[PDB]
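Student: this is the structure alone, sequence omitted:
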């Protein structure tokens, strides 16, 4: 395969067809009295296992906050009907309301001068306008794929 | 019994003195950084680890990586240490490299768009840290097989 | 050779790890490499059938 | 010299990423190998790089570590009479010489490394406190079968390491993985208080030395120069493999004088060639070349006899050393 | 992707459940996620669907090729295709199991596959196999080695003729009824 193998006494070998680093081309894993070599028609390489004379460890801790209760929450007031221009406040809690916040969104934000204002800490208020129709209030989390509906 | 050891024993005139009977005391120095305290046994293969971070004050901040070299399209991460949970980031030349603070707000992901130095920084409100970044192209050099061809 | 006789669709060849410091093909055109201890040299000669 | 990390703790959420960087005190060139205390909970990429990327996957604490190593050159002692055998498993190769470890080569690696778990043995201290320890295990031959790896003539050591040779011991590992080799050889697992069992049988035969091994249509066929055997693998139970005696006179000559041709084996039973499909054997050289092959092979070096399946032309030759050659030579000349 | 076409549909669409993998978070909270799965060949057998040389990705999506991986889906439905490929089901705390075996052979590439009288016959250019499907249990399919030299040439060089297979073993044609092979050329 190369001009370097003509001075070698191999004892055994196997035709490895693939390898992560290698492309879709086969190679050889040949051994000698002391070393193990690899050739792929382009160059020779000694891939003999090397011994570690010195070793040093490094400590590193990691903390993964719980993911339980972060999944889609449940709603107590799944639906709430009010009068024409009533502004009844909203009361609800996500699943344990632990380790994360949420974002209250409402479709067709035209049913009030300020339909839903930014929640002070966790929740916000609701209002109404002098018109009817069907709408949906999506309580979406920060970025995770959790989109509820009221 | 056990033996209390600390890496980089330079954070105090006497960082950890020989434990009187079982335990010893701890001290500090006027500097920040990350270290590890290995509580090793006498000879058996038992090596624990304790991670402590000197906040450099009351609510100071110091980044793990100070200088970074990223290739185009790559990405890295940053780690901060503070006492206050609110950690608002602020990077000059914003629209050359993006940042996305995670939920904890103590970690942020970097995304290289194009070549160009950036000095992404944070701001806790009292103190401030910095992290120099030098974007490098995906290539450093090339080579051919012939230079004196003849046809 | 332009087109050597093949024994496989993928055209795989049987190779040998020889004691003569190199590899060798086992089933190829008429040629035999006989070693000599006198001069310590490799010698090639036609393959002799009997 | 001493190594340190600027990062010691971190808070993550499932779905968030983070990257840590390792930096030793000296600026030299060294090798890295990251480890994890509790399997899972994270995903790694390019563990051999000084910058690893992690991805939170599940709840729970964890303690990551990075092992820096100053690799150096090392010469083996695989003489001509103890060459390599080079089995194959999950596209990964193995070395398996005498006086040394098998030294597998992973599929996603570019260097040879000792087998994982080689020498691991589970120990239980007082009150039932489990622990693992590695001992100096040395083998003579290793092959692949039923997604497992085997071993022959194990020089199993132990505490008080005066080695005791067990020429009839035969261990088998767990099943393979995705583009990786087995990772457990300990027989004393499941002792820490369902599948993936490893063990041995410690055969009882004559002349021992358990030289060779080869599979045949899901049924192993052990050869030790006498008293061949058969391997019956079960799905999963206390006895995963039950070995039953087959012959009393049959037995391979050298460690590589057998090969499958057509649902059978081409063996050399110390006196002639045999071709058995299972439970019945024949003689391919009964009264044609027997006295010729025995004479030509019994002169210089019979143990150098080999075989090869020349499927390219439907031929199975038995290599052996020529008549006139040094008694210390292993270079087969005739076939 | 395989891009199946339903029976009650007039357009092509990706397979359902392709890439689905069950994940369990802290405290045993299950969830499902889809990853970039890419295959090379897909066939039907025992009311199931198979895959060869899967490029199974994951979080931190540096893809790891598993040329010996082989997944199988659940059973079919009324005029529809399978709907579950995840091996990590039944982990949310009886029938319809999917999984893989991660064969161990030489030269890999797991190119071809074909059934024969309820018994699969995997070919990868070397070290053919056989598939034994059970009714329902932990191990629904137990693959046993058959040959050491046999192996198909290309991904579509095999076909059933009469309770046997017409294969090209890199050197000639073979016609095996099962446990015994011949040479037609």
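Tutor: Yep, that arrived. Numbers count the residues shown, from 1 in each chain, chains lettered A, B, ... in the order given.
Student: kindly report the residues of chain A close to chain B.
Tutor: Contact residues (Cβ under 8 Å from any Cβ of the partner chain) of chain A with chain B: A:57, A:58, A:59, A:60, A:61, A:65, A:100, A:142. The C-beta positions use only the backbone N, C-alpha and C, and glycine is treated the same way.
Student: pick the one among the residues you listed closest to residue E:98.
Tutor: residue A:65 (32.0 Å; Cβ to Cβ).
Student: not counting sequence-adjacent ones, nearest residue to residue A:73?
Tutor: Spatially, and ignoring its direct neighbours in sequence, residue A:73 is nearest to residue A:94 (3.5 Å; Cβ to Cβ, 6 or more residues apart in numbering or on different chains).
Student: residue D:144 pairs with what?
Tutor: residue D:149 (DSSP bridges).
Student: ok, it - contacts?
Tutor: Residues in contact with residue D:144 (Cβ atoms under 8 Å, 6 or more residues apart in numbering or on different chains) are D:87, D:88, D:89, D:150, E:104.
Student: can I get the residues of chain A next to chain B in JSON lines including secondary structure and neighbour count?
Tutor: Formatted as JSON lines, the residues of chain A next to chain B follow (DSSP: H, G, I helix; E, B strand; the rest coil; neighbours: other Cβ atoms under 10 Å in any protein chain shown):
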{"residue": "A:57", "secondary structure": "coil", "neighbour count": "15"}
{"residue": "A:58", "secondary structure": "coil", "neighbour count": "24"}
{"residue": "A:59", "secondary structure": "strand", "neighbour count": "22"}
{"residue": "A:60", "secondary structure": "strand", "neighbour count": "22"}
{"residue": "A:61", "secondary structure": "strand", "neighbour count": "18"}
{"residue": "A:65", "secondary structure": "coil", "neighbour count": "18"}
{"residue": "A:100", "secondary structure": "coil", "neighbour count": "17"}
{"residue": "A:142", "secondary structure": "coil", "neighbour count": "10"}
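Student: count of residues packed around whatever residue of the stretch 201-335 of chain D ends up closest to chain B?
Tutor: Using Cβ to the nearest Cβ, residue D:202 is the residue of the stretch 201-335 of chain D that sits closest to chain B, at 30.9 Å. Residues near residue D:202, counting by other Cβ atoms under 10 Å in any protein chain shown, number 9.
Student: I figured it hits residue D:171, correct?
Tutor: No: counting by Cβ atoms under 8 Å, residue D:202 stays clear of residue D:171, with 10.2 Å between them.
Student: alongside chain C, which residues does chain A contribute?
Tutor: Going by Cβ under 8 Å from any Cβ, the residues of chain A near chain C are A:5, A:6, A:7, A:8, A:9, A:10, A:11, A:12, A:13, A:30.
Student: return only those of the residues you listed found close to chain D.
Tutor: A:11, A:12, A:13.
Student: contact partners for the residue nearest to the second one when sequence neighbours are not counted?
Tutor: What it means is residue A:12. Distances taken as Cβ to Cβ, 6+ apart place residue D:84 nearest to residue A:12, at 4.0 Å, with adjacent residues excluded. Counting by Cβ under 8 Å, 6+ apart, residue D:84 makes contact with A:11, A:12, A:31, A:36, D:78, D:95, D:96, D:97.
Student: take the residues you listed and keep only those in strands.
Tutor: Within the contacts of residue D:84, residues falling in strands by DSSP state E are A:12, A:31, A:36.
Student: nearest to chain E among these?
Tutor: Nearest to chain E among the ones in strands among the contacts of residue D:84 is residue A:12, at 15.4 Å by Cβ to the nearest Cβ.
Student: residues contacting the closest one?
Tutor: A:30, A:31, C:17, D:83, D:84, D:85, D:86.
Student: helix/strand/coil for residue D:252?
Tutor: Recorded secondary structure, residue D:252: coil (DSSP: H, G, I helix; E, B strand; the rest coil).
Student: check residue D:294 too.
Tutor: helix.
Student: which stretch of helix or strand covers the residue in the stretch 151-300 of chain D that chain B sits nearest to?
Tutor: Closest residue of the stretch 151-300 of chain D to chain B, Cβ to the nearest Cβ: residue D:159 (14.5 Å). Applying DSSP states H and E as the criterion places residue D:159 outside every helix and strand.
Student: which parts of chain A sit against chain E?
Tutor: So far as Cβ under 8 Å from any Cβ goes, chain A lies against chain E at A:17, A:18, A:20, A:64, A:66, A:67, A:68, A:71.
Student: and what of the stretch 201-335 of chain D?
Tutor: Counting by Cβ under 8 Å from any Cβ, the residues of the stretch 201-335 of chain D near chain E are D:215, D:217-218, D:235-236, D:260-263, D:309, D:311-312, D:314.
Student: closest one to residue B:122 out of those, please.
Tutor: residue D:236 (54.9 Å).
Student: contacts only, for residue D:111.
Tutor: Counting by Cβ under 8 Å, 6+ apart, residue D:111 has contacts A:47, A:49, A:50, D:105.
Student: cutoff 6 Å now
Tutor: Listed by Cβ atoms under 6 Å, 6 or more residues apart in numbering or on different chains, the contact set of residue D:111 reads residue A:47.
Student: that one: what secondary structure?
Tutor: Relying on three-state DSSP, one would call residue D:111 coil.
Student: how about the one 3 residues further on?
Tutor: Secondary structure, three-state DSSP: residue D:114 is coil.
Student: excluding covalently adjacent residues, which one is nearest to it?
Tutor: Nearest non-adjacent residue to residue D:114 (Cβ to Cβ, 6+ apart): residue D:101, at 4.8 Å.
Student: pick out the residue closest to the middle of chain B.
Tutor: Geometric centre of chain B, nearest residue: residue B:64, 1.3 Å, by Cα atoms, centre = their mean.
Student: distance check, the closest residue to residue D:177 other than its chain neighbours against residue C:42.
Tutor: Setting aside the residues directly before and after it, residue D:177 is nearest to residue E:102 in space (Cβ to Cβ, 6+ apart), at 6.2 Å. Distance, residue E:102 to residue C:42, using Cβ to Cβ, to the nearest Å: 47 Å.
Student: list phi and psi for residue D:274.
Tutor: phi -130, psi 150 (degrees, to the nearest 10).
Student: distance of it from chain C?
Tutor: Using Cβ to the nearest Cβ, to the nearest Å, residue D:274 is found at 25 Å from chain C.
Student: would you confirm that residue D:51 contacts residue D:21?
Tutor: Yes: checked against Cβ atoms under 6 Å, the pair residue D:51 and residue D:21 is within contact range at 5.0 Å.
Student: quick one: the strands in the chain, in order.
Tutor: All of this refers to chain A. Going by DSSP E, chain A shows strands at A:12-16, A:27-31, A:36-39, A:44-46, A:51-56, A:59-64, A:102-106, A:137-141.
Student: actually, chain C is the one I wanted.
Tutor: Applying DSSP E to chain C gives strands spanning C:15-18, C:22-25, C:32-36, C:41-45.
Student: quick check, residue B:110 in a strand?
Tutor: Yes: counting by three-state DSSP, residue B:110 falls inside a strand.
Student: ok, it - how many residues close by?
Tutor: Counted with other Cβ under 10 Å, residue B:110 comes out at 22.
Student: find the nearest non-adjacent residue to it, please.
Tutor: Nearest one to residue B:110, counting by Cβ to Cβ, 6+ apart, is residue B:76 at 4.7 Å.
Student: using the three-state scheme, assign that neighbour.
Tutor: Assignment for residue B:76 (three-state DSSP): strand.
Student: isn't it up against residue B:112?
Tutor: No: applying Cβ under 6 Å, one finds residue B:76 not in contact with residue B:112, separated by 8.4 Å.
Student: ok, which stretches of chain B are strands?
Tutor: Under DSSP E, chain B gives strands at B:2-6, B:33-41, B:50-54, B:67-71, B:75-79, B:88-90, B:97-101, B:107-112, B:121-123, B:132-136.
Student: I'd like the ones you listed as JSON lines, with distance to residue A:105 appended.
Tutor: Conversion of the strands of chain B to JSON lines gives the following (distance: least, Cβ to Cβ, whole Å):
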{"stretch": "strand B:2-6", "distance to residue A:105": "51"}
{"stretch": "strand B:33-41", "distance to residue A:105": "41"}
{"stretch": "strand B:50-54", "distance to residue A:105": "38"}
{"stretch": "strand B:67-71", "distance to residue A:105": "36"}
{"stretch": "strand B:75-79", "distance to residue A:105": "30"}
{"stretch": "strand B:88-90", "distance to residue A:105": "24"}
{"stretch": "strand B:97-101", "distance to residue A:105": "21"}
{"stretch": "strand B:107-112", "distance to residue A:105": "25"}
{"stretch": "strand B:121-123", "distance to residue A:105": "29"}
{"stretch": "strand B:132-136", "distance to residue A:105": "35"}
